[PDB]
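Trainee: make a model of this:
(chains A, B, C, D, E, F and G, ligands or ions: 208)
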Amino acid sequence: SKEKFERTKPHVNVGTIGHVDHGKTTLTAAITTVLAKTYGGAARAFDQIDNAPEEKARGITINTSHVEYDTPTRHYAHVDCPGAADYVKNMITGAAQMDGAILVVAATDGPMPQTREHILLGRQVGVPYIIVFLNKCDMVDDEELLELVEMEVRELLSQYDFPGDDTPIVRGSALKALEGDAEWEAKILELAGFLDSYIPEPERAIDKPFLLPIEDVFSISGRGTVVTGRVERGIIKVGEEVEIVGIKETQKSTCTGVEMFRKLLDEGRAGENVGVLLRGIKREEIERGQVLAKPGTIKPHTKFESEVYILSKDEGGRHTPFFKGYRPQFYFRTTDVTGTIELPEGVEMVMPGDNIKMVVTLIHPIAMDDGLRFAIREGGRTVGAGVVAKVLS
Amino acid sequence: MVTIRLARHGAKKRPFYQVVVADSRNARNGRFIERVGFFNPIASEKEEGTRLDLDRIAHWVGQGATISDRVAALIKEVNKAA
Amino acid sequence: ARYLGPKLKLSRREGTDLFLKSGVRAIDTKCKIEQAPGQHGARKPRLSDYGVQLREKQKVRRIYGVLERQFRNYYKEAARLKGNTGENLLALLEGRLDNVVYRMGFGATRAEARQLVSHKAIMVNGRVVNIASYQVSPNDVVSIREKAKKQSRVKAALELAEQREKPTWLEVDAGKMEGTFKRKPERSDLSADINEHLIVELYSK
Amino acid sequence: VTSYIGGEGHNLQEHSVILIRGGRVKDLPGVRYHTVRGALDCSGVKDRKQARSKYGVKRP
Amino acid sequence: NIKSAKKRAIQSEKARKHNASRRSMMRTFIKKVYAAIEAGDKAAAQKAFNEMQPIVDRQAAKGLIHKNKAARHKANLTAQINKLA
RNA sequence: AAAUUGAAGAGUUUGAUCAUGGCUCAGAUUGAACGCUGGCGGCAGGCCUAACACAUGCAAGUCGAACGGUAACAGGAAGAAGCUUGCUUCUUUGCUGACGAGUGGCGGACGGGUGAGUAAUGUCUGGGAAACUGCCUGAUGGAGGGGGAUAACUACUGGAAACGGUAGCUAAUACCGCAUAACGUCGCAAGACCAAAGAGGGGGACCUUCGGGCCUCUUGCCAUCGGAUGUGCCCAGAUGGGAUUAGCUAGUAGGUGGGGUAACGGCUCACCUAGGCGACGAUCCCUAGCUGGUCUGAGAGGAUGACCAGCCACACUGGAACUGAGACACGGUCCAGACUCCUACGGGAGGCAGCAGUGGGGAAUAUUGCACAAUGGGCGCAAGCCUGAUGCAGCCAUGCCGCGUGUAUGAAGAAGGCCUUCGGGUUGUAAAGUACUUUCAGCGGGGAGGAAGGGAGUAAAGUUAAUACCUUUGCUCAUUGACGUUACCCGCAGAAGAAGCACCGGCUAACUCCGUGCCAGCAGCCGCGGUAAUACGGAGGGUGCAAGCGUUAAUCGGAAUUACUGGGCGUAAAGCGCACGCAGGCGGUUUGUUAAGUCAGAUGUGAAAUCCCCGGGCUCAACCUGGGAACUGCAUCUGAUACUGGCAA
RNA sequence: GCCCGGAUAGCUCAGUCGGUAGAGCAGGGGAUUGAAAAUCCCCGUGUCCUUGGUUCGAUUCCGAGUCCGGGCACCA
Ligand SMILES: Nc1nc2c(ncn2[C@@H]2O[C@H](COP(=O)(O)OP(=O)(O)NP(=O)(O)O)[C@@H](O)[C@H]2O)c(=O)[nH]1
Ligand SMILES: [Mg+2]
Ligand SMILES: [Mg+2]
Ligand SMILES: [Mg+2]
Ligand SMILES: [Mg+2]
Ligand SMILES: [Mg+2]
Ligand SMILES: [Mg+2]
Ligand SMILES: [Mg+2]
Ligand SMILES: [Mg+2]
Ligand SMILES: [Mg+2]
Ligand SMILES: [Mg+2]
Ligand SMILES: [Mg+2]
Ligand SMILES: [Mg+2]
Ligand SMILES: [Mg+2]
Ligand SMILES: [Mg+2]
Ligand SMILES: [Mg+2]
Ligand SMILES: [Mg+2]
Ligand SMILES: [Mg+2]
Ligand SMILES: [Mg+2]
Ligand SMILES: [Mg+2]
Ligand SMILES: [Mg+2]
Ligand SMILES: [Mg+2]
Ligand SMILES: [Mg+2]
Ligand SMILES: [Mg+2]
Ligand SMILES: [Mg+2]
Ligand SMILES: [Mg+2]
Ligand SMILES: [Mg+2]
Ligand SMILES: [Mg+2]
Ligand SMILES: [Mg+2]
Ligand SMILES: [Mg+2]
Ligand SMILES: [Mg+2]
Ligand SMILES: [Mg+2]
Ligand SMILES: [Mg+2]
Ligand SMILES: [Mg+2]
Ligand SMILES: [Mg+2]
Ligand SMILES: [Mg+2]
Ligand SMILES: [Mg+2]
Ligand SMILES: [Mg+2]
Ligand SMILES: [Mg+2]
Ligand SMILES: [Mg+2]
Ligand SMILES: [Mg+2]
Ligand SMILES: [Mg+2]
Ligand SMILES: [Mg+2]
Ligand SMILES: [Mg+2]
Ligand SMILES: [Mg+2]
Ligand SMILES: [Mg+2]
Ligand SMILES: [Mg+2]
Ligand SMILES: [Mg+2]
Ligand SMILES: [Mg+2]
Ligand SMILES: [Mg+2]
Ligand SMILES: [Mg+2]
Ligand SMILES: [Mg+2]
Ligand SMILES: [Mg+2]
Ligand SMILES: [Mg+2]
Ligand SMILES: [Mg+2]
Ligand SMILES: [Mg+2]
Ligand SMILES: [Mg+2]
Ligand SMILES: [Mg+2]
Ligand SMILES: [Mg+2]
Ligand SMILES: [Mg+2]
Ligand SMILES: [Mg+2]
Ligand SMILES: [Mg+2]
Ligand SMILES: [Mg+2]
Ligand SMILES: [Mg+2]
Ligand SMILES: [Mg+2]
Ligand SMILES: [Mg+2]
Ligand SMILES: [Mg+2]
Ligand SMILES: [Mg+2]
Ligand SMILES: [Mg+2]
Ligand SMILES: [Mg+2]
Ligand SMILES: [Mg+2]
Ligand SMILES: [Mg+2]
Ligand SMILES: [Mg+2]
Ligand SMILES: [Mg+2]
Ligand SMILES: [Mg+2]
Ligand SMILES: [Mg+2]
Ligand SMILES: [Mg+2]
Ligand SMILES: [Mg+2]
Ligand SMILES: [Mg+2]
Ligand SMILES: [Mg+2]
Ligand SMILES: [Mg+2]
Ligand SMILES: [Mg+2]
Ligand SMILES: [Mg+2]
Ligand SMILES: [Mg+2]
Ligand SMILES: [Mg+2]
Ligand SMILES: [Mg+2]
Ligand SMILES: [Mg+2]
Ligand SMILES: [Mg+2]
Ligand SMILES: [Mg+2]
Ligand SMILES: [Mg+2]
Ligand SMILES: [Mg+2]
Ligand SMILES: [Mg+2]
Ligand SMILES: [Mg+2]
Ligand SMILES: [Mg+2]
Ligand SMILES: [Mg+2]
Ligand SMILES: [Mg+2]
Ligand SMILES: [Mg+2]
Ligand SMILES: [Mg+2]
Ligand SMILES: [Mg+2]
Ligand SMILES: [Mg+2]
Ligand SMILES: [Mg+2]
Ligand SMILES: [Mg+2]
Ligand SMILES: [Mg+2]
Ligand SMILES: [Mg+2]
Ligand SMILES: [Mg+2]
Ligand SMILES: [Mg+2]
Ligand SMILES: [Mg+2]
Ligand SMILES: [Mg+2]
Ligand SMILES: [Mg+2]
Ligand SMILES: [Mg+2]
Ligand SMILES: [Mg+2]
Ligand SMILES: [Mg+2]
Ligand SMILES: [Mg+2]
Ligand SMILES: [Mg+2]
Ligand SMILES: [Mg+2]
Ligand SMILES: [Mg+2]
Ligand SMILES: [Mg+2]
Ligand SMILES: [Mg+2]
Ligand SMILES: [Mg+2]
Ligand SMILES: [Mg+2]
Ligand SMILES: [Mg+2]
Ligand SMILES: [Mg+2]
Ligand SMILES: [Mg+2]
Ligand SMILES: [Mg+2]
Ligand SMILES: [Mg+2]
Ligand SMILES: [Mg+2]
Ligand SMILES: [Mg+2]
Ligand SMILES: [Mg+2]
Ligand SMILES: [Mg+2]
Ligand SMILES: [Mg+2]
Ligand SMILES: [Mg+2]
Ligand SMILES: [Mg+2]
Ligand SMILES: [Mg+2]
Ligand SMILES: [Mg+2]
Ligand SMILES: [Mg+2]
Ligand SMILES: [Mg+2]
Ligand SMILES: [Mg+2]
Ligand SMILES: [Mg+2]
Ligand SMILES: [Mg+2]
Ligand SMILES: [Mg+2]
Ligand SMILES: [Mg+2]
Ligand SMILES: [Mg+2]
Ligand SMILES: [Mg+2]
Ligand SMILES: [Mg+2]
Ligand SMILES: [Mg+2]
Ligand SMILES: [Mg+2]
Ligand SMILES: [Mg+2]
Ligand SMILES: [Mg+2]
Ligand SMILES: [Mg+2]
Ligand SMILES: [Mg+2]
Ligand SMILES: [Mg+2]
Ligand SMILES: [Mg+2]
Ligand SMILES: [Mg+2]
Ligand SMILES: [Mg+2]
Ligand SMILES: [Mg+2]
Ligand SMILES: [Mg+2]
Ligand SMILES: [Mg+2]
Ligand SMILES: [Mg+2]
Ligand SMILES: [Mg+2]
Ligand SMILES: [Mg+2]
Ligand SMILES: [Mg+2]
Ligand SMILES: [Mg+2]
Ligand SMILES: [Mg+2]
Ligand SMILES: [Mg+2]
Ligand SMILES: [Mg+2]
Ligand SMILES: [Mg+2]
Ligand SMILES: [Mg+2]
Ligand SMILES: [Mg+2]
Ligand SMILES: [Mg+2]
Ligand SMILES: [Mg+2]
Ligand SMILES: [Mg+2]
Ligand SMILES: [Mg+2]
Ligand SMILES: [Mg+2]
Ligand SMILES: [Mg+2]
Ligand SMILES: [Mg+2]
Ligand SMILES: [Mg+2]
Ligand SMILES: [Mg+2]
Ligand SMILES: [Mg+2]
Ligand SMILES: [Mg+2]
Ligand SMILES: [Mg+2]
Ligand SMILES: [Mg+2]
Ligand SMILES: [Mg+2]
Ligand SMILES: [Mg+2]
Ligand SMILES: [Mg+2]
Ligand SMILES: [Mg+2]
Ligand SMILES: [Mg+2]
Ligand SMILES: [Mg+2]
Ligand SMILES: [Mg+2]
Ligand SMILES: [Mg+2]
Ligand SMILES: [Mg+2]
Ligand SMILES: [Mg+2]
Ligand SMILES: [Mg+2]
Ligand SMILES: [Mg+2]
Ligand SMILES: [Mg+2]
Ligand SMILES: [Mg+2]
Ligand SMILES: [Mg+2]
Ligand SMILES: [Mg+2]
Ligand SMILES: [Mg+2]
Ligand SMILES: [Mg+2]
Ligand SMILES: [Mg+2]
Ligand SMILES: [Mg+2]
Ligand SMILES: [Mg+2]
Ligand SMILES: [Mg+2]
Ligand SMILES: [Mg+2]
Ligand SMILES: [Mg+2]
Ligand SMILES: [Mg+2]
Ligand SMILES: [Mg+2]
Ligand SMILES: [Mg+2]
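Mentor: Numbering: from 1, shown residues only, chains lettered A, B, ... in the order given. Ligands and ions are numbered 1, 2, ... in the order given. Take a look at the structure below.
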């Protein structure tokens, strides 16, 4: 909180996706040390990406950490996702804000169950583009074995409905590029080139009014409570009226400084992860899931009609019918929430793989409008995608 | 050092100064020996505007008391022969 | 700040005509006056000693268009002033600008006079005044401004004032809408019906 | 201390943080306080119309 | 500390190095008289008094010693010389 | 002429009664909180709790007219070198203005903050000598001639940094002699002894050795005696609760003598005496900043001491001194302690009870804003720089006060609701409907008043050899606002954007119908609910307040329920079981005589604000404000002798 | 942000390793009283915290949640 962030080079939200213990977090560390040395940006290190007691004694990552590496064309903002089956909820928040992923499949093990689960969540939420990275390579000194893993990833993406064969697969060791090997430093400099080439300039919504979903809340010692998240639409000027809408009720507030990776900003534009400092709010009373909207634009609702598309076994979801009283988890912008289903008259049962509308009473109210996209999940897996039809409350 | 200075009372945007003989170290509105007239900048042309008891000024200025930049101008405003 | 409800309802509850909806026509005969305060209008009240005090207070308030907070302030001024506390209560009420504007005949009702005062029409001693509560001092000259002079509401409302008793303490020109408040109003000049003594009794306890 | 729970029905159980105001019930001997309905975990009374500042209920 | 007027710390420290030396000098010349007082006639005591009289008056004029301090060290010290000897 | 115009009761023990006596209620009121609902404005206010812990920026500097600095920086002038000979390169010059770092001055001790401690060291009221006092200001008269240093800068090193050392070198209003000194200090006096600093704005005349000298003038310097303002100390009374705290006390209580204090003193010593306080409450314990006041009261009193004003106290916790006119020093120093801190492990930091802000605590209490424009403050000849002092702005119905949310007409007495003896009533002129406004919001244009000044000029005066420079000035210039899209005005559009929430058995203003059936619930007191509830829940209807309303808590009132004004004690609570009796309270009667009480007068004082009355100014009000009265007092001084006391007889 | 425990008819507790859950204490219906209490004669009065899955069948086995309990961290 000192150096003013100059608005130069387009902002893009990147992040690593893939199986557990697969080089996902270690890739993030390799990208920093490679790009910092040659181009001449800020250095950083691997330990900073995940410290705490929970990511040392174990080794695994839980929290969605963030990194800021710069290149001549664009200014990237990384989002290192967790990866394990237990941490899918706090991942989806990291994956939703992310524009273009970096998938991580490995040349020894290959595509494994979570890789399929991650990319499934990527489609239904919103992950336009994806890039593969083989994160072992050196351990198996062979030409035929390593190239057979590439084939199965192209199959995976194309099977699940991505380009597949068009996606630029890259090979490279994360640990070798951490030290100073000239051949492996250049091969992850190549990944930065693939990020610029394949992923285009993202399409922002800097016109329609302000909204910002809260991904994580902080309490800065001196300044006050801060909320982080990608600005979904509009802009944020310093000293502007902001209404916090969602769970519990609704509270009035004002912004007192927006930032971008511990650097000051004047205008927090759309499509970029920013830490908004709110005035006169406690750490406990503001929770995760709520949205920073402009006063009057959005209203919290506990009941709504919605055109729900239930999934079948082939697409990946339920395989049995259900009646009124069923309670799955509804993932809106960031958080999830439970809700009772009330079906329309003249519909006895809801079969899997079917398009119908339904009234859904939620236990917590969440800020929503007509034409909001959500993805229903239950039992550690997906259920059905859909859209909001009408407001009731 | 004793000094003859304005005290600043009155409402917000509506000042009314009590010209007063006080010690330099004491606060503007605080301690004083004795008040010696007043000043009203938002009085305008009417019955009352500015009063300043010139008999008590000789007791302080004659001995050794300074007069502030504004109170010195009001001694010129009240005049000796005008 | 104002009542702004059913105005003739107040007159039936009180019994007597309060001049709330006096207006263009002289006598109403269009409410079942006296014998219908509400649904249970045929109910004869027992009416205690506190009742008659409260009814008399609420009558004087509703006539002049003043709320308890501002009305209780008139009592506190009336007590501190010289003479008699009862006579001071009502003399201060009569000195209001909205009341004077009504008594001059620049308003069919007292609520009309209040709006006329509030909407930059009324002007006194070469100075525009918005406040209905403006205490009109002895020897004053209230009048209407030339932009809003001889508008449709005033010329008709001034013809009503001929049928009225017309106070002695003030005088009206009538040609150019120019009034003259002269002396303070005497007790015996006005009313001869609303009791002051009972209002003094309500507040002293 | 013991405190009375006014109105019909309540959400209070086991724990749940609540606000207490003064006021004896004059019927339960020992109970000399009232829970403020509406404040904190104590919700408003369900389906009230008349006298709703008491019992902490919003407009219909 | 969080100020640029810390010159007064080093200036007051510089003062008392000087201020203590002139003070210490004075109270030793006064001790020189009290040394002569006790076993002695009017001769050795008054010689020490004539030596300290200029020093005590001087230091009083500089604001180290007050003028009443100096006045006493003549007043009471003459009374030791006059009464005993 | 005006300064008080002031004293209300009701429910509740009983089958009923009168008494006693608690309980509750009607009114003011607040730093309030909470619940429901929220339009504006104006003036006020807004961490009472954890004197809990704290990141970030900021709250005290200032002069070149003290001094070295011929300058760290940016720019003129004598002269230089390139070459587009005025475009560029560039050495000298206090020399362009100034000023980073110093050295010395004055400030930092004021201004802000907070009540932890403190029951007397403090505060209040009234006195009192043993005192000091920077800046200001009266008078007198000095200020004369010298010296050795020393930073900065180098030079050379040490250190991670904070911060040093070692070799020079240099300036002064820094520093110290010396002469010089009295109505000064000391002494019985004779005597002795005690100081200083110089600057800046101009000059005819003559010295020029050019650094000019000498006239000039403003300012400073120094000694004394003074005023003024501060402060230090002393006494008297007053200033909370507990005796289920009765004895405390050895520098303790006083003396003589020495030291010390600006000043007197067990302030502190040495010896000497054996005290001193104590029932008119010492000691110990718990609680507490104090006052002007605030709120309340018919008044006596009772409570309280947020905001504004005085005093004290304290500054991370516990100590000590240094510097100074003033501190045993909020944003100095030095130790030690606890907690945060950074490092290179050697050592270093650090102090929000300045302003914002954070976490935590809590029922609860706000911007990391703008501005020195004004008003004070700091230095300075000034200009100015500095200023979270002050002035504004934001937020918050937290109060007090103003204006809002339409205004006339309107019978089919419509619909719909609600009630009914189904005839009708009532909601209700309510609405709709027609006629009009257009405050305030919302737009669009005018635009004060807070501004006095300061400067560049000038004019005569001031001042002098001088038609100079400074002192005072009066005329001509162009300017100075954070507030600020200002106060307020004028045009626009159209009722348009602008109403709730208590209560309705009695006390206490206002009633029916359904639902429920000692259940659910209400309740400030009495009490409501057991299948026809005016008390519960809803509905209609009313009443009372209305941008507020109620609930909670807190104080007084009513409570003559701690009673001095103003209660009691045969049986309601209450005469010790009955004596004697010291201290204490009270005392027949007549002369004295004082004057303590008492009374009268008079002077001084009782800060300002507050309160009160007559004005005045903001469109009105709250708010601000002039004068008066008052501040019920305390002191002294003169009297009065009836009474009370004293002392005689 | 993640680890863990806790929930069984109105209240206090039994019962389970798939065999479809019970006890007291209440509550209700009737005869009786103005209504009760006792007296007499009859009744569990249940979303096994919610929801889904493995199955013929789940309180009971395995996910996902609810509000609450206590534990460890992150400083734009
Ligand atoms: N030999 C080799 N090992 C590698 C390479 N890249 C990563 N690894 C290793 O794979 C392991 C995975 O660690 P990490 O990347 O933190 O795990 P992750 O991919 O973020 N998944 P999650 O966070 O869910 O545990 C580490 O031991 C890492 O050193 C590579 O190129 N070569
Ligand atoms: Mg593995
Ligand atoms: Mg990871
Ligand atoms: Mg592992
Ligand atoms: Mg494996
Ligand atoms: Mg395998
Ligand atoms: Mg805040
Ligand atoms: Mg003082
Ligand atoms: Mg003027
Ligand atoms: Mg009001
Ligand atoms: Mg009002
Ligand atoms: Mg009364
Ligand atoms: Mg320090
Ligand atoms: Mg230090
Ligand atoms: Mg000195
Ligand atoms: Mg010595
Ligand atoms: Mg020594
Ligand atoms: Mg000599
Ligand atoms: Mg000296
Ligand atoms: Mg000195
Ligand atoms: Mg009175
Ligand atoms: Mg009574
Ligand atoms: Mg009674
Ligand atoms: Mg009895
Ligand atoms: Mg009774
Ligand atoms: Mg009875
Ligand atoms: Mg009786
Ligand atoms: Mg509140
Ligand atoms: Mg509230
Ligand atoms: Mg609240
Ligand atoms: Mg306002
Ligand atoms: Mg204010
Ligand atoms: Mg406090
Ligand atoms: Mg503390
Ligand atoms: Mg602290
Ligand atoms: Mg820090
Ligand atoms: Mg700090
Ligand atoms: Mg800053
Ligand atoms: Mg600072
Ligand atoms: Mg110079
Ligand atoms: Mg000069
Ligand atoms: Mg000096
Ligand atoms: Mg102070
Ligand atoms: Mg102040
Ligand atoms: Mg203060
Ligand atoms: Mg503070
Ligand atoms: Mg205080
Ligand atoms: Mg005193
Ligand atoms: Mg006094
Ligand atoms: Mg006095
Ligand atoms: Mg002097
Ligand atoms: Mg001095
Ligand atoms: Mg000066
Ligand atoms: Mg002088
Ligand atoms: Mg002189
Ligand atoms: Mg000479
Ligand atoms: Mg000589
Ligand atoms: Mg010389
Ligand atoms: Mg020399
Ligand atoms: Mg020398
Ligand atoms: Mg030398
Ligand atoms: Mg040297
Ligand atoms: Mg020298
Ligand atoms: Mg000197
Ligand atoms: Mg000599
Ligand atoms: Mg000599
Ligand atoms: Mg000489
Ligand atoms: Mg001589
Ligand atoms: Mg001599
Ligand atoms: Mg001499
Ligand atoms: Mg002499
Ligand atoms: Mg003498
Ligand atoms: Mg003498
Ligand atoms: Mg002599
Ligand atoms: Mg000298
Ligand atoms: Mg000198
Ligand atoms: Mg010089
Ligand atoms: Mg000169
Ligand atoms: Mg010359
Ligand atoms: Mg002088
Ligand atoms: Mg002088
Ligand atoms: Mg003197
Ligand atoms: Mg003097
Ligand atoms: Mg002193
Ligand atoms: Mg008072
Ligand atoms: Mg009063
Ligand atoms: Mg009173
Ligand atoms: Mg009384
Ligand atoms: Mg008190
Ligand atoms: Mg007190
Ligand atoms: Mg208080
Ligand atoms: Mg305070
Ligand atoms: Mg204030
Ligand atoms: Mg304050
Ligand atoms: Mg104060
Ligand atoms: Mg004092
Ligand atoms: Mg004192
Ligand atoms: Mg102190
Ligand atoms: Mg102090
Ligand atoms: Mg402090
Ligand atoms: Mg200390
Ligand atoms: Mg100390
Ligand atoms: Mg000094
Ligand atoms: Mg000293
Ligand atoms: Mg002194
Ligand atoms: Mg200080
Ligand atoms: Mg200290
Ligand atoms: Mg201070
Ligand atoms: Mg501080
Ligand atoms: Mg300190
Ligand atoms: Mg130690
Ligand atoms: Mg230490
Ligand atoms: Mg320390
Ligand atoms: Mg603070
Ligand atoms: Mg806070
Ligand atoms: Mg809290
Ligand atoms: Mg609050
Ligand atoms: Mg600023
Ligand atoms: Mg400026
Ligand atoms: Mg100034
Ligand atoms: Mg000065
Ligand atoms: Mg000067
Ligand atoms: Mg500063
Ligand atoms: Mg500032
Ligand atoms: Mg307001
Ligand atoms: Mg509120
Ligand atoms: Mg309307
Ligand atoms: Mg109408
Ligand atoms: Mg109408
Ligand atoms: Mg209409
Ligand atoms: Mg119309
Ligand atoms: Mg209009
Ligand atoms: Mg119109
Ligand atoms: Mg307007
Ligand atoms: Mg506008
Ligand atoms: Mg001017
Ligand atoms: Mg102006
Ligand atoms: Mg001038
Ligand atoms: Mg000038
Ligand atoms: Mg000039
Ligand atoms: Mg001139
Ligand atoms: Mg303007
Ligand atoms: Mg401006
Ligand atoms: Mg119209
Ligand atoms: Mg309308
Ligand atoms: Mg029914
Ligand atoms: Mg029943
Ligand atoms: Mg029952
Ligand atoms: Mg029951
Ligand atoms: Mg009720
Ligand atoms: Mg009874
Ligand atoms: Mg019944
Ligand atoms: Mg019924
Ligand atoms: Mg009843
Ligand atoms: Mg009732
Ligand atoms: Mg009812
Ligand atoms: Mg009810
Ligand atoms: Mg009504
Ligand atoms: Mg109503
Ligand atoms: Mg209110
Ligand atoms: Mg209230
Ligand atoms: Mg109360
Ligand atoms: Mg009493
Ligand atoms: Mg009481
Ligand atoms: Mg009695
Ligand atoms: Mg007796
Ligand atoms: Mg008895
Ligand atoms: Mg007795
Ligand atoms: Mg007896
Ligand atoms: Mg006995
Ligand atoms: Mg006696
Ligand atoms: Mg006697
Ligand atoms: Mg006698
Ligand atoms: Mg006697
Ligand atoms: Mg006698
Ligand atoms: Mg006789
Ligand atoms: Mg006689
Ligand atoms: Mg006699
Ligand atoms: Mg006599
Ligand atoms: Mg006599
Ligand atoms: Mg006497
Ligand atoms: Mg006498
Ligand atoms: Mg006498
Ligand atoms: Mg007397
Ligand atoms: Mg007397
Ligand atoms: Mg007298
Ligand atoms: Mg006073
Ligand atoms: Mg009073
Ligand atoms: Mg007026
Ligand atoms: Mg007027
Ligand atoms: Mg006044
Ligand atoms: Mg006065
Ligand atoms: Mg007077
Ligand atoms: Mg007073
Ligand atoms: Mg008084
Ligand atoms: Mg008096
Ligand atoms: Mg006396
Ligand atoms: Mg006397
Ligand atoms: Mg005498
Ligand atoms: Mg006699
Ligand atoms: Mg006698
Ligand atoms: Mg006698
Ligand atoms: Mg039963
Ligand atoms: Mg039954
Ligand atoms: Mg039964
Ligand atoms: Mg039965
Ligand atoms: Mg029966
Ligand atoms: Mg029953």
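Trainee: residue of chain B closest to ligand 7, please.
Mentor: Per Cβ to the ion, residue B:12 is where chain B lies closest to ligand 7, at 24.7 Å. Any C-beta I mention is one placed from the backbone N, CA and C, and that applies to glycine too.
Trainee: swap in chain E?
Mentor: For chain E, Cβ to the ion, closest residue to ligand 7: residue E:2, 25.2 Å.
Trainee: mind checking how far that residue is from residue D:22?
Mentor: 49 Å (Cβ to Cβ, to the nearest Å).
Trainee: what of residue E:62?
Mentor: For residue E:62 relative to residue D:22 (Cβ to Cβ), the value is 72 Å.
Trainee: ok, residue A:158 next?
Mentor: According to Cβ to Cβ, residue A:158 and residue D:22 sit 72 Å apart.
Trainee: rewinding a little: which element is the residue of chain E closest to ligand 7 on?
Mentor: For residue E:2, there is no host helix or strand (DSSP states H and E).
Trainee: again, but for residue E:50
Mentor: Counting by DSSP H and E, residue E:50 is part of helix E:44-61.
Trainee: give me the number of residues near residue C:74?
Mentor: For residue C:74, the neighbour count with other Cβ atoms under 10 Å in any protein chain shown is 22.
Trainee: swap in residue C:201?
Mentor: Other residues close to residue C:201 by other Cβ under 10 Å number 17.
Trainee: cool, and residue D:34?
Mentor: Neighbour count of residue D:34, defined by other Cβ under 10 Å: 18.
Trainee: number of nearby residues for the residue lying closest to residue C:96 once chain neighbours are set aside?
Mentor: Leaving aside its sequence neighbours, residue C:96 sits nearest to residue C:133 (Cβ to Cβ, 6 or more residues apart in numbering or on different chains; 5.9 Å). If you count neighbours by other Cβ under 10 Å, residue C:133 ends up with 15.
Trainee: can you check residue A:123 too?
Mentor: When neighbours are counted by other Cβ under 10 Å, residue A:123 registers 16.
Trainee: go on, residue A:252?
Mentor: Applying other Cβ under 10 Å, we find 12 residues neighbouring residue A:252.
Trainee: how about residue A:116?
Mentor: Residues near residue A:116, counting by other Cβ under 10 Å: 14.
Trainee: so which strand or helix has it?
Mentor: Counting by DSSP H and E, residue A:116 is found in helix A:113-125.
Trainee: hmm, who's touching that helix?
Mentor: Residues from elsewhere that reach helix A:113-125 (Cβ atoms under 8 Å, 6 or more residues apart in numbering or on different chains): A:17-20, A:81, A:83-85, A:88, A:91-92, A:95-96, A:101, A:103, A:105, A:127, A:130, A:156-157, A:160-162, A:316, A:331, A:375, A:381-382, A:385.
Trainee: now the buried members of those.
Mentor: Buried subset of the contacts of helix A:113-125 (neighbour count, 16 or more other Cβ atoms under 10 Å in any protein chain shown): A:17-20, A:81, A:83, A:88, A:91-92, A:95-96, A:101, A:103, A:105, A:127, A:130, A:156-157, A:162, A:331, A:375, A:382, A:385.
Trainee: how close does the residue of chain E found nearest ligand 1 get to residue A:281?
Mentor: Going by Cβ to the nearest ligand atom, ligand 1 is nearest to residue E:2 of chain E, at 45.0 Å. With distances taken as Cβ to Cβ, residue E:2 is found 32 Å from residue A:281.
Trainee: where do the strands sit along chain C?
Mentor: Secondary structure of chain C, counting by DSSP state E: strands at C:122-124, C:127-128, C:142-144, C:170-172, C:179-181.
Trainee: please consider this matter closed, and thank you.
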